[PDB]
file final-v6.txt (compact mmCIF, C-alpha atoms)
# COMPACT_ATOMS: atom_id res chain seq x y z
CA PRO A 1 -122.60 -34.86 163.15
CA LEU A 2 -120.57 -37.97 162.47
CA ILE A 3 -120.49 -40.21 159.42
CA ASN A 4 -118.21 -43.27 159.42
CA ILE A 5 -118.11 -45.43 156.26
CA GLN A 6 -116.83 -49.00 156.21
CA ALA A 7 -116.63 -50.39 152.67
CA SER A 8 -115.61 -53.65 151.00
CA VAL A 9 -114.21 -52.01 147.84
CA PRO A 10 -110.51 -51.13 147.51
CA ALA A 11 -109.14 -47.81 148.84
CA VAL A 12 -109.72 -44.82 146.53
CA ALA A 13 -107.21 -42.09 145.61
CA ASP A 14 -109.89 -39.37 146.02
CA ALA A 15 -111.00 -40.35 149.56
CA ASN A 16 -110.29 -36.81 150.85
CA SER A 17 -112.37 -35.10 148.12
CA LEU A 18 -115.17 -37.65 148.48
CA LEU A 19 -115.33 -37.06 152.26
CA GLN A 20 -115.11 -33.27 151.93
CA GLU A 21 -118.02 -33.26 149.50
CA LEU A 22 -120.01 -35.57 151.79
CA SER A 23 -119.13 -33.30 154.76
CA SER A 24 -120.55 -30.09 153.21
CA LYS A 25 -123.67 -31.87 151.88
CA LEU A 26 -124.37 -33.42 155.28
CA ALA A 27 -123.88 -30.09 157.09
CA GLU A 28 -126.42 -28.40 154.82
CA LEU A 29 -128.99 -31.20 155.07
CA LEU A 30 -128.78 -31.43 158.88
CA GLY A 31 -128.66 -27.64 159.36
CA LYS A 32 -125.35 -27.93 161.24
CA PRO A 33 -122.24 -25.77 160.85
CA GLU A 34 -119.74 -27.80 158.84
CA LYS A 35 -117.19 -27.05 161.60
CA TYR A 36 -118.92 -29.80 163.61
CA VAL A 37 -119.10 -32.49 160.94
CA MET A 38 -116.73 -35.45 161.27
CA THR A 39 -116.34 -38.06 158.53
CA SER A 40 -114.34 -41.21 157.81
CA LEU A 41 -113.82 -43.79 155.07
CA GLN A 42 -112.34 -47.22 155.73
CA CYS A 43 -112.05 -49.27 152.55
CA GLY A 44 -110.75 -52.80 151.89
CA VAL A 45 -112.72 -54.40 154.74
CA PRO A 46 -113.78 -58.03 154.23
CA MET A 47 -117.58 -57.94 154.18
CA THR A 48 -120.55 -59.99 153.09
CA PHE A 49 -124.10 -58.89 152.34
CA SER A 50 -126.90 -61.31 151.39
CA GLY A 51 -124.29 -64.07 151.77
CA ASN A 52 -121.92 -62.74 149.07
CA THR A 53 -118.80 -60.55 148.74
CA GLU A 54 -120.04 -58.17 146.06
CA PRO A 55 -119.33 -54.45 146.73
CA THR A 56 -121.06 -53.50 149.99
CA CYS A 57 -120.95 -50.76 152.60
CA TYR A 58 -121.88 -50.09 156.24
CA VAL A 59 -122.29 -46.48 157.37
CA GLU A 60 -122.84 -45.10 160.85
CA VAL A 61 -124.42 -41.70 161.19
CA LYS A 62 -124.75 -39.84 164.49
CA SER A 63 -126.08 -36.40 165.34
CA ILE A 64 -127.18 -34.41 168.35
CA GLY A 65 -130.77 -34.14 167.16
CA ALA A 66 -131.55 -33.11 163.56
CA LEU A 67 -132.84 -36.60 162.73
CA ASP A 68 -136.56 -35.92 163.10
CA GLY A 69 -139.41 -36.79 160.71
CA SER A 70 -138.17 -37.42 157.18
CA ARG A 71 -134.53 -36.66 158.00
CA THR A 72 -133.24 -40.25 158.26
CA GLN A 73 -134.84 -40.99 154.86
CA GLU A 74 -133.30 -37.84 153.36
CA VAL A 75 -129.87 -38.59 154.84
CA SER A 76 -130.06 -42.14 153.51
CA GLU A 77 -130.91 -40.83 150.04
CA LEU A 78 -127.93 -38.43 150.17
CA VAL A 79 -125.49 -40.96 151.60
CA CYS A 80 -126.47 -43.95 149.43
CA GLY A 81 -126.41 -41.70 146.36
CA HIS A 82 -122.99 -40.24 147.20
CA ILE A 83 -121.53 -43.70 147.86
CA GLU A 84 -123.10 -45.21 144.71
CA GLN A 85 -121.61 -42.43 142.57
CA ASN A 86 -118.15 -42.29 144.18
CA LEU A 87 -117.42 -45.88 145.28
CA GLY A 88 -119.57 -47.77 142.76
CA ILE A 89 -121.44 -49.58 145.54
CA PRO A 90 -125.11 -50.16 144.62
CA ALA A 91 -127.55 -48.44 147.00
CA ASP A 92 -129.24 -51.81 147.66
CA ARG A 93 -125.98 -53.04 149.21
CA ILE A 94 -125.66 -50.10 151.63
CA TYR A 95 -126.77 -50.13 155.28
CA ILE A 96 -126.83 -47.07 157.53
CA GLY A 97 -127.10 -47.18 161.32
CA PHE A 98 -128.46 -43.91 162.75
CA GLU A 99 -128.26 -42.61 166.34
CA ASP A 100 -129.68 -39.39 167.80
CA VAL A 101 -127.13 -38.88 170.59
CA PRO A 102 -127.88 -36.82 173.70
CA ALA A 103 -125.45 -33.90 173.94
CA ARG A 104 -124.10 -35.10 177.32
CA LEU A 105 -123.11 -38.39 175.60
CA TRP A 106 -121.07 -36.56 172.96
CA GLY A 107 -117.51 -35.69 173.95
CA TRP A 108 -115.50 -32.96 172.28
CA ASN A 109 -112.53 -30.79 173.31
CA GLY A 110 -112.06 -32.33 176.79
CA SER A 111 -115.73 -31.92 177.77
CA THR A 112 -119.17 -32.77 176.28
CA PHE A 113 -121.84 -30.80 174.38
CA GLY A 114 -124.21 -31.11 177.39
CA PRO B 1 -129.01 -57.74 160.85
CA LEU B 2 -125.46 -56.48 161.08
CA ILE B 3 -122.39 -58.09 162.61
CA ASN B 4 -119.07 -56.20 162.54
CA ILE B 5 -116.00 -57.93 164.00
CA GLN B 6 -112.86 -56.08 165.05
CA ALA B 7 -110.05 -58.47 166.03
CA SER B 8 -106.47 -58.21 167.25
CA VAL B 9 -105.25 -61.37 165.46
CA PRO B 10 -103.67 -61.22 161.99
CA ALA B 11 -105.83 -61.26 158.83
CA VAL B 12 -107.03 -64.74 157.77
CA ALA B 13 -107.06 -66.20 154.25
CA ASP B 14 -110.56 -67.67 154.80
CA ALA B 15 -112.26 -64.42 155.93
CA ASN B 16 -114.91 -64.74 153.18
CA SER B 17 -115.85 -68.34 154.12
CA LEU B 18 -115.82 -67.50 157.84
CA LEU B 19 -118.18 -64.54 157.27
CA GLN B 20 -120.46 -66.48 154.92
CA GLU B 21 -120.85 -69.24 157.49
CA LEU B 22 -121.50 -66.66 160.23
CA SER B 23 -124.03 -64.93 157.93
CA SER B 24 -126.22 -68.03 157.36
CA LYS B 25 -126.05 -69.07 161.04
CA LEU B 26 -127.05 -65.60 162.18
CA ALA B 27 -129.94 -65.42 159.68
CA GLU B 28 -131.35 -68.71 160.97
CA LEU B 29 -130.97 -67.81 164.65
CA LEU B 30 -132.58 -64.37 164.25
CA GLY B 31 -135.32 -65.63 161.92
CA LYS B 32 -134.25 -63.14 159.23
CA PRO B 33 -133.84 -63.75 155.50
CA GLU B 34 -130.10 -64.01 154.84
CA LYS B 35 -130.60 -61.40 152.09
CA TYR B 36 -130.67 -58.80 154.89
CA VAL B 37 -127.62 -59.94 156.86
CA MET B 38 -124.49 -57.79 156.63
CA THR B 39 -121.15 -58.89 158.08
CA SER B 40 -117.57 -57.65 158.36
CA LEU B 41 -114.18 -58.73 159.70
CA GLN B 42 -111.38 -56.29 160.43
CA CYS B 43 -108.26 -58.05 161.68
CA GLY B 44 -104.84 -56.74 162.75
CA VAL B 45 -106.22 -53.99 165.00
CA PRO B 46 -104.09 -53.03 168.01
CA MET B 47 -106.20 -53.97 171.04
CA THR B 48 -105.88 -54.66 174.73
CA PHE B 49 -108.19 -56.59 177.03
CA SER B 50 -107.60 -56.96 180.79
CA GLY B 51 -104.49 -54.80 180.25
CA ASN B 52 -102.78 -57.20 177.82
CA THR B 53 -102.41 -57.77 174.04
CA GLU B 54 -103.36 -61.43 173.92
CA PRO B 55 -105.84 -62.38 171.12
CA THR B 56 -109.03 -60.37 171.66
CA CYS B 57 -112.11 -59.33 169.74
CA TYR B 58 -114.88 -56.69 169.77
CA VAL B 59 -118.10 -57.43 167.90
CA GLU B 60 -121.05 -55.17 167.21
CA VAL B 61 -124.39 -56.77 166.48
CA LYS B 62 -127.47 -54.83 165.36
CA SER B 63 -130.94 -55.94 164.36
CA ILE B 64 -134.38 -54.48 163.82
CA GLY B 65 -135.92 -56.44 166.67
CA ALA B 66 -135.27 -60.18 167.04
CA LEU B 67 -133.19 -59.62 170.19
CA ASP B 68 -135.86 -60.44 172.77
CA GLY B 69 -135.63 -62.74 175.80
CA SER B 70 -132.79 -65.24 175.49
CA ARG B 71 -131.73 -64.06 172.02
CA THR B 72 -128.73 -61.93 173.05
CA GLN B 73 -127.41 -64.89 175.09
CA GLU B 74 -127.96 -67.26 172.15
CA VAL B 75 -126.33 -64.87 169.68
CA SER B 76 -123.36 -64.47 172.02
CA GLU B 77 -123.00 -68.25 172.27
CA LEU B 78 -123.07 -68.54 168.45
CA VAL B 79 -120.73 -65.62 167.81
CA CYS B 80 -118.17 -66.38 170.55
CA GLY B 81 -118.14 -70.03 169.47
CA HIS B 82 -117.68 -69.19 165.78
CA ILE B 83 -114.87 -66.73 166.55
CA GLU B 84 -113.14 -69.13 169.00
CA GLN B 85 -113.16 -71.89 166.38
CA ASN B 86 -112.17 -69.80 163.34
CA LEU B 87 -109.89 -67.07 164.74
CA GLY B 88 -108.53 -68.87 167.81
CA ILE B 89 -109.69 -66.07 170.11
CA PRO B 90 -110.84 -67.43 173.50
CA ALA B 91 -114.51 -66.69 174.25
CA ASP B 92 -113.47 -64.98 177.51
CA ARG B 93 -111.63 -62.36 175.45
CA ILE B 94 -114.65 -61.52 173.25
CA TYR B 95 -117.03 -58.60 173.83
CA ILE B 96 -120.25 -58.05 171.89
CA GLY B 97 -122.20 -54.78 171.82
CA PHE B 98 -125.87 -55.33 170.88
CA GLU B 99 -128.41 -52.77 169.64
CA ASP B 100 -132.09 -53.27 168.78
CA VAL B 101 -132.43 -50.52 166.16
CA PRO B 102 -135.77 -48.93 165.28
CA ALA B 103 -136.54 -49.49 161.60
CA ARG B 104 -136.67 -45.73 160.89
CA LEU B 105 -133.05 -45.51 162.16
CA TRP B 106 -131.87 -48.16 159.69
CA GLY B 107 -131.02 -46.90 156.21
CA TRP B 108 -130.95 -49.13 153.16
CA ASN B 109 -131.32 -48.55 149.40
CA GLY B 110 -131.73 -44.74 149.59
CA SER B 111 -134.50 -44.90 152.23
CA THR B 112 -135.06 -46.57 155.64
CA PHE B 113 -136.90 -49.70 156.83
CA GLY B 114 -139.47 -47.49 158.65
CA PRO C 1 -115.85 -50.85 179.55
CA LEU C 2 -114.89 -50.43 175.91
CA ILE C 3 -112.88 -47.70 174.22
CA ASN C 4 -112.32 -47.87 170.45
CA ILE C 5 -110.20 -45.13 168.83
CA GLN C 6 -110.27 -44.36 165.12
CA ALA C 7 -107.60 -41.81 164.15
CA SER C 8 -106.43 -40.07 160.99
CA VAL C 9 -102.74 -39.92 162.00
CA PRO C 10 -100.27 -42.63 160.97
CA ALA C 11 -99.85 -45.83 163.03
CA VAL C 12 -97.62 -45.44 166.12
CA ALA C 13 -94.91 -47.83 167.32
CA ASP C 14 -96.09 -47.48 170.96
CA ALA C 15 -99.78 -48.35 170.33
CA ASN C 16 -99.64 -51.17 172.93
CA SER C 17 -98.18 -48.95 175.68
CA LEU C 18 -100.57 -46.11 174.83
CA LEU C 19 -103.58 -48.47 175.07
CA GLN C 20 -102.34 -50.13 178.26
CA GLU C 21 -101.96 -46.75 179.94
CA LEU C 22 -105.41 -45.69 178.71
CA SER C 23 -106.82 -49.03 179.97
CA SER C 24 -105.63 -48.62 183.58
CA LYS C 25 -106.65 -44.93 183.71
CA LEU C 26 -110.12 -45.73 182.40
CA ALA C 27 -110.57 -48.62 184.87
CA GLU C 28 -109.74 -46.34 187.79
CA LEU C 29 -111.97 -43.48 186.62
CA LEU C 30 -114.98 -45.73 185.96
CA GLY C 31 -114.46 -47.79 189.13
CA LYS C 32 -114.24 -51.00 187.07
CA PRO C 33 -111.76 -53.86 187.44
CA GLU C 34 -109.22 -53.47 184.63
CA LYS C 35 -109.90 -57.14 183.77
CA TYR C 36 -113.08 -55.90 182.05
CA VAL C 37 -111.62 -53.00 180.07
CA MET C 38 -111.27 -53.47 176.31
CA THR C 39 -109.42 -50.97 174.11
CA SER C 40 -108.45 -50.49 170.47
CA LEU C 41 -106.54 -48.09 168.24
CA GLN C 42 -107.03 -47.93 164.48
CA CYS C 43 -104.76 -45.36 162.86
CA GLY C 44 -104.31 -44.26 159.23
CA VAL C 45 -108.04 -43.86 158.55
CA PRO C 46 -109.02 -41.21 155.99
CA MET C 47 -111.03 -38.64 157.96
CA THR C 48 -112.22 -35.07 157.75
CA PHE C 49 -113.30 -32.73 160.53
CA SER C 50 -114.59 -29.19 159.91
CA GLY C 51 -114.10 -29.93 156.20
CA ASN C 52 -110.34 -30.57 156.43
CA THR C 53 -107.88 -33.49 156.81
CA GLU C 54 -105.85 -32.16 159.72
CA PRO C 55 -105.18 -34.71 162.54
CA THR C 56 -108.54 -35.86 163.90
CA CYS C 57 -109.97 -38.67 165.97
CA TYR C 58 -113.28 -40.46 166.67
CA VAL C 59 -113.61 -42.47 169.89
CA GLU C 60 -116.40 -44.74 171.02
CA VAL C 61 -116.78 -45.40 174.72
CA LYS C 62 -119.21 -47.93 176.18
CA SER C 63 -119.86 -49.07 179.73
CA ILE C 64 -122.44 -50.97 181.71
CA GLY C 65 -123.37 -47.97 183.83
CA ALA C 66 -120.66 -45.81 185.44
CA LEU C 67 -121.46 -42.88 183.14
CA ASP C 68 -123.63 -40.88 185.54
CA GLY C 69 -123.45 -37.17 186.41
CA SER C 70 -120.06 -35.67 185.58
CA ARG C 71 -118.57 -38.96 184.37
CA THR C 72 -118.89 -38.37 180.61
CA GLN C 73 -117.17 -34.98 181.07
CA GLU C 74 -114.41 -36.57 183.17
CA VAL C 75 -113.92 -39.42 180.69
CA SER C 76 -113.74 -36.91 177.84
CA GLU C 77 -111.10 -34.91 179.72
CA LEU C 78 -109.05 -38.09 180.31
CA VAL C 79 -109.45 -39.44 176.78
CA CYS C 80 -108.89 -36.16 174.89
CA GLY C 81 -105.87 -35.44 177.09
CA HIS C 82 -104.36 -38.90 176.57
CA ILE C 83 -104.88 -38.71 172.80
CA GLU C 84 -103.52 -35.13 172.57
CA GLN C 85 -100.36 -36.16 174.43
CA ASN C 86 -99.74 -39.50 172.70
CA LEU C 87 -101.04 -39.01 169.13
CA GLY C 88 -100.60 -35.25 168.79
CA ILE C 89 -104.27 -34.77 167.89
CA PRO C 90 -105.65 -31.49 169.30
CA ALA C 91 -108.52 -32.00 171.76
CA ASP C 92 -110.73 -29.72 169.62
CA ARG C 93 -110.48 -32.27 166.81
CA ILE C 94 -111.61 -35.22 168.96
CA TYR C 95 -115.17 -36.58 169.14
CA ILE C 96 -116.34 -39.22 171.60
CA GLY C 97 -119.58 -41.19 171.29
CA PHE C 98 -120.74 -42.57 174.66
CA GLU C 99 -123.24 -45.37 175.35
CA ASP C 100 -124.47 -46.71 178.70
CA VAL C 101 -125.23 -50.29 177.62
CA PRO C 102 -127.69 -52.52 179.48
CA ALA C 103 -125.91 -55.62 180.77
CA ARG C 104 -128.18 -57.95 178.76
CA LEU C 105 -126.98 -56.14 175.58
CA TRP C 106 -123.33 -56.82 176.40
CA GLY C 107 -121.99 -60.20 175.30
CA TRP C 108 -118.94 -61.82 176.82
CA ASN C 109 -117.67 -65.42 177.14
CA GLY C 110 -120.57 -67.06 175.24
CA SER C 111 -123.27 -65.33 177.32
CA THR C 112 -124.13 -61.75 178.43
CA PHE C 113 -123.61 -59.72 181.63
CA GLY C 114 -127.40 -59.72 182.25
call {"tool": "encode", "arguments": {"input": "final-v6.txt", "output": "structure tokens"}}
result
Amino acid sequence: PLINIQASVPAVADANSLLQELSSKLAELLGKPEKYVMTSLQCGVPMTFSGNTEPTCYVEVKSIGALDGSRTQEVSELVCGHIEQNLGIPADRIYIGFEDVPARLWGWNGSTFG
Amino acid sequence: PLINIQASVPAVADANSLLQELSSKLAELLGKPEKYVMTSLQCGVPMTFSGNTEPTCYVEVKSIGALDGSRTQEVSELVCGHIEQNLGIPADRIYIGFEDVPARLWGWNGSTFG
Amino acid sequence: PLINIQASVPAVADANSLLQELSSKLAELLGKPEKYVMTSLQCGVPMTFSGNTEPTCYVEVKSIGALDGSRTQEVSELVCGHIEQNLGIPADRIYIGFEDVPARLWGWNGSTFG
């Protein structure tokens, strides 16, 4: 899995801890070995939401499967909650774009997962 | 809707105004309440286009529907025009990646739009 | 084509050269005129992979076609190799997300390729 966060708030000293905690939580929820979870946090990005510059966040989440049924709701609950708590961005100012990526469209280690 | 801009030119003092103007224009064109429009601008990114480092720009645009028929052309005209005017990046050095995202793949406020 | 690199390692003085070399190599592999290749490199991004902050990299690659059969494997070999050599990021800490984008979903020069 992959989770990339782009946030309007200033950079945080505990970015590494925040991402590591997000990484383990996401592995468990998706039923993936944490070995395969990649995360990022880019703060200080000029953003608007609803026409204003209040704290806001865009997240992209990708996985090879594991996003069936209630999973995208459950991931959103996890991710919005984690970001609310750790970055102080209200959940109603967070967007998440999900993609279930075919394994052959996912490169790793000089090849693909397909 | 979502519009994320990644540009090679230096950061601009009027990023907020630029994004707010883009936000209202995009809401109107897509027929979406501006409440739901998210935007970003990341400048100063090392980029090449056509093998050179002249001013260039990558934009991602996402929407839950509203990208039918001539819409992607019309959005491109709006976006390239806005960026040309405000960042001084020629329209022929702007790329836009569009995605019509299913509502269940769009997280917001601890849940999804599906 | 489009290749956007997001890396955890510090910014490099030779980003332009690195991207230009990647640009020509990618054009040749995909059978696209280099005119149409867009690249970027964003370094210094807080990232984890496998739960740790060792050098790691996320790449997105998009093309209008040209990603059939063995192509995504071949692109991954090229890209992981180039990044390993130039940024010192091990290939086993590199992820690549691929998308074959319909031409009508690819904006350029105030219109789309469709």
call {"tool": "residues_around", "arguments": {"input": "final-v6.txt", "residues": "residue 62 in chain C", "least_positions_apart": "5", "cutoff": "7 Å", "atoms": "all atoms listed in the file", "output": "CSV table (one decimal) with C-alpha atoms, in the coordinates of the input"}}
result
chain,number,residue,atom,x,y,z
C,1,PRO,CA,-115.8,-50.8,179.6
C,2,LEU,CA,-114.9,-50.4,175.9
C,3,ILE,CA,-112.9,-47.7,174.2
C,98,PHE,CA,-120.7,-42.6,174.7
C,99,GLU,CA,-123.2,-45.4,175.4
C,100,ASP,CA,-124.5,-46.7,178.7
C,101,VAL,CA,-125.2,-50.3,177.6
call {"tool": "calpha_fit_and_write", "arguments": {"input": "final-v6.txt", "fixed": "chain C", "moving": "chain B", "output": "PDB file with C-alpha atoms, keeping the file's coordinate frame"}}
result
ATOM      1  CA  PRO B   1    -115.848 -50.860 179.541  1.00  0.00           C
ATOM      2  CA  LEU B   2    -114.885 -50.434 175.917  1.00  0.00           C
ATOM      3  CA  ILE B   3    -112.880 -47.699 174.227  1.00  0.00           C
ATOM      4  CA  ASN B   4    -112.320 -47.867 170.451  1.00  0.00           C
ATOM      5  CA  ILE B   5    -110.199 -45.139 168.837  1.00  0.00           C
ATOM      6  CA  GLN B   6    -110.264 -44.362 165.126  1.00  0.00           C
ATOM      7  CA  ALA B   7    -107.600 -41.808 164.150  1.00  0.00           C
ATOM      8  CA  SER B   8    -106.432 -40.070 160.990  1.00  0.00           C
ATOM      9  CA  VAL B   9    -102.741 -39.919 162.006  1.00  0.00           C
ATOM     10  CA  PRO B  10    -100.267 -42.631 160.966  1.00  0.00           C
ATOM     11  CA  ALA B  11     -99.853 -45.828 163.031  1.00  0.00           C
ATOM     12  CA  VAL B  12     -97.622 -45.444 166.121  1.00  0.00           C
ATOM     13  CA  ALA B  13     -94.908 -47.835 167.322  1.00  0.00           C
ATOM     14  CA  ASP B  14     -96.088 -47.481 170.955  1.00  0.00           C
ATOM     15  CA  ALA B  15     -99.775 -48.350 170.336  1.00  0.00           C
ATOM     16  CA  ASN B  16     -99.639 -51.175 172.922  1.00  0.00           C
ATOM     17  CA  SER B  17     -98.175 -48.951 175.685  1.00  0.00           C
ATOM     18  CA  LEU B  18    -100.568 -46.108 174.826  1.00  0.00           C
ATOM     19  CA  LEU B  19    -103.577 -48.463 175.068  1.00  0.00           C
ATOM     20  CA  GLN B  20    -102.340 -50.131 178.258  1.00  0.00           C
ATOM     21  CA  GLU B  21    -101.952 -46.753 179.937  1.00  0.00           C
ATOM     22  CA  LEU B  22    -105.409 -45.694 178.708  1.00  0.00           C
ATOM     23  CA  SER B  23    -106.821 -49.028 179.963  1.00  0.00           C
ATOM     24  CA  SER B  24    -105.629 -48.613 183.588  1.00  0.00           C
ATOM     25  CA  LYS B  25    -106.652 -44.927 183.711  1.00  0.00           C
ATOM     26  CA  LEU B  26    -110.112 -45.729 182.398  1.00  0.00           C
ATOM     27  CA  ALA B  27    -110.570 -48.618 184.864  1.00  0.00           C
ATOM     28  CA  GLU B  28    -109.744 -46.336 187.794  1.00  0.00           C
ATOM     29  CA  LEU B  29    -111.968 -43.477 186.621  1.00  0.00           C
ATOM     30  CA  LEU B  30    -114.978 -45.733 185.962  1.00  0.00           C
ATOM     31  CA  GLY B  31    -114.462 -47.793 189.127  1.00  0.00           C
ATOM     32  CA  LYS B  32    -114.237 -51.000 187.066  1.00  0.00           C
ATOM     33  CA  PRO B  33    -111.756 -53.856 187.437  1.00  0.00           C
ATOM     34  CA  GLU B  34    -109.219 -53.472 184.626  1.00  0.00           C
ATOM     35  CA  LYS B  35    -109.900 -57.136 183.771  1.00  0.00           C
ATOM     36  CA  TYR B  36    -113.085 -55.904 182.056  1.00  0.00           C
ATOM     37  CA  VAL B  37    -111.628 -53.005 180.068  1.00  0.00           C
ATOM     38  CA  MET B  38    -111.268 -53.472 176.309  1.00  0.00           C
ATOM     39  CA  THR B  39    -109.423 -50.975 174.112  1.00  0.00           C
ATOM     40  CA  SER B  40    -108.454 -50.490 170.471  1.00  0.00           C
ATOM     41  CA  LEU B  41    -106.540 -48.086 168.232  1.00  0.00           C
ATOM     42  CA  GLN B  42    -107.032 -47.928 164.482  1.00  0.00           C
ATOM     43  CA  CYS B  43    -104.760 -45.356 162.865  1.00  0.00           C
ATOM     44  CA  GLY B  44    -104.316 -44.256 159.238  1.00  0.00           C
ATOM     45  CA  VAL B  45    -108.044 -43.860 158.547  1.00  0.00           C
ATOM     46  CA  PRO B  46    -109.024 -41.214 155.986  1.00  0.00           C
ATOM     47  CA  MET B  47    -111.033 -38.645 157.955  1.00  0.00           C
ATOM     48  CA  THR B  48    -112.216 -35.074 157.753  1.00  0.00           C
ATOM     49  CA  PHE B  49    -113.302 -32.734 160.527  1.00  0.00           C
ATOM     50  CA  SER B  50    -114.590 -29.186 159.914  1.00  0.00           C
ATOM     51  CA  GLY B  51    -114.095 -29.929 156.195  1.00  0.00           C
ATOM     52  CA  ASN B  52    -110.336 -30.564 156.433  1.00  0.00           C
ATOM     53  CA  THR B  53    -107.879 -33.491 156.818  1.00  0.00           C
ATOM     54  CA  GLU B  54    -105.856 -32.158 159.723  1.00  0.00           C
ATOM     55  CA  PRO B  55    -105.176 -34.705 162.542  1.00  0.00           C
ATOM     56  CA  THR B  56    -108.541 -35.859 163.903  1.00  0.00           C
ATOM     57  CA  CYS B  57    -109.972 -38.676 165.969  1.00  0.00           C
ATOM     58  CA  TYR B  58    -113.284 -40.460 166.673  1.00  0.00           C
ATOM     59  CA  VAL B  59    -113.609 -42.464 169.881  1.00  0.00           C
ATOM     60  CA  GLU B  60    -116.405 -44.740 171.018  1.00  0.00           C
ATOM     61  CA  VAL B  61    -116.776 -45.397 174.716  1.00  0.00           C
ATOM     62  CA  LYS B  62    -119.213 -47.929 176.184  1.00  0.00           C
ATOM     63  CA  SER B  63    -119.854 -49.070 179.729  1.00  0.00           C
ATOM     64  CA  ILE B  64    -122.448 -50.965 181.713  1.00  0.00           C
ATOM     65  CA  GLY B  65    -123.367 -47.964 183.830  1.00  0.00           C
ATOM     66  CA  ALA B  66    -120.661 -45.813 185.443  1.00  0.00           C
ATOM     67  CA  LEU B  67    -121.467 -42.878 183.141  1.00  0.00           C
ATOM     68  CA  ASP B  68    -123.639 -40.877 185.536  1.00  0.00           C
ATOM     69  CA  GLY B  69    -123.453 -37.170 186.403  1.00  0.00           C
ATOM     70  CA  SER B  70    -120.060 -35.675 185.587  1.00  0.00           C
ATOM     71  CA  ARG B  71    -118.568 -38.968 184.369  1.00  0.00           C
ATOM     72  CA  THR B  72    -118.889 -38.366 180.609  1.00  0.00           C
ATOM     73  CA  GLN B  73    -117.173 -34.974 181.071  1.00  0.00           C
ATOM     74  CA  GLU B  74    -114.412 -36.570 183.167  1.00  0.00           C
ATOM     75  CA  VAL B  75    -113.924 -39.416 180.691  1.00  0.00           C
ATOM     76  CA  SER B  76    -113.736 -36.909 177.839  1.00  0.00           C
ATOM     77  CA  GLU B  77    -111.102 -34.909 179.720  1.00  0.00           C
ATOM     78  CA  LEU B  78    -109.054 -38.095 180.302  1.00  0.00           C
ATOM     79  CA  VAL B  79    -109.444 -39.440 176.773  1.00  0.00           C
ATOM     80  CA  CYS B  80    -108.891 -36.156 174.889  1.00  0.00           C
ATOM     81  CA  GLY B  81    -105.866 -35.438 177.085  1.00  0.00           C
ATOM     82  CA  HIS B  82    -104.361 -38.902 176.570  1.00  0.00           C
ATOM     83  CA  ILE B  83    -104.880 -38.716 172.797  1.00  0.00           C
ATOM     84  CA  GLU B  84    -103.524 -35.130 172.563  1.00  0.00           C
ATOM     85  CA  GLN B  85    -100.368 -36.154 174.427  1.00  0.00           C
ATOM     86  CA  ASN B  86     -99.743 -39.502 172.697  1.00  0.00           C
ATOM     87  CA  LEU B  87    -101.046 -39.012 169.137  1.00  0.00           C
ATOM     88  CA  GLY B  88    -100.604 -35.243 168.796  1.00  0.00           C
ATOM     89  CA  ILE B  89    -104.270 -34.777 167.893  1.00  0.00           C
ATOM     90  CA  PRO B  90    -105.650 -31.492 169.296  1.00  0.00           C
ATOM     91  CA  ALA B  91    -108.519 -32.000 171.764  1.00  0.00           C
ATOM     92  CA  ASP B  92    -110.725 -29.720 169.625  1.00  0.00           C
ATOM     93  CA  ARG B  93    -110.481 -32.269 166.808  1.00  0.00           C
ATOM     94  CA  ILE B  94    -111.606 -35.225 168.967  1.00  0.00           C
ATOM     95  CA  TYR B  95    -115.167 -36.573 169.141  1.00  0.00           C
ATOM     96  CA  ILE B  96    -116.332 -39.218 171.607  1.00  0.00           C
ATOM     97  CA  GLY B  97    -119.575 -41.189 171.291  1.00  0.00           C
ATOM     98  CA  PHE B  98    -120.733 -42.576 174.666  1.00  0.00           C
ATOM     99  CA  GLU B  99    -123.237 -45.370 175.348  1.00  0.00           C
ATOM    100  CA  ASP B 100    -124.475 -46.712 178.695  1.00  0.00           C
ATOM    101  CA  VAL B 101    -125.229 -50.291 177.617  1.00  0.00           C
ATOM    102  CA  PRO B 102    -127.688 -52.516 179.476  1.00  0.00           C
ATOM    103  CA  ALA B 103    -125.908 -55.616 180.768  1.00  0.00           C
ATOM    104  CA  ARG B 104    -128.176 -57.953 178.755  1.00  0.00           C
ATOM    105  CA  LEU B 105    -126.984 -56.144 175.582  1.00  0.00           C
ATOM    106  CA  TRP B 106    -123.324 -56.820 176.397  1.00  0.00           C
ATOM    107  CA  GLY B 107    -121.995 -60.205 175.303  1.00  0.00           C
ATOM    108  CA  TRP B 108    -118.937 -61.820 176.827  1.00  0.00           C
ATOM    109  CA  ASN B 109    -117.672 -65.413 177.140  1.00  0.00           C
ATOM    110  CA  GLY B 110    -120.572 -67.058 175.241  1.00  0.00           C
ATOM    111  CA  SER B 111    -123.276 -65.325 177.327  1.00  0.00           C
ATOM    112  CA  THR B 112    -124.135 -61.751 178.432  1.00  0.00           C
ATOM    113  CA  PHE B 113    -123.602 -59.724 181.626  1.00  0.00           C
ATOM    114  CA  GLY B 114    -127.399 -59.723 182.251  1.00  0.00           C
TER     115      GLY B 114
END
call {"tool": "closest_residue", "arguments": {"input": "final-v6.txt", "among": "B:64, B:83, B:105, B:26", "to": "residue 12 in chain B", "atoms": "only C-alpha atoms"}}
result
B:83
call {"tool": "atom_distance", "arguments": {"input": "final-v6.txt", "atom1": "CA of residue 14 in chain A", "atom2": "CA of residue 9 in chain C"}}
result
17.5 Å
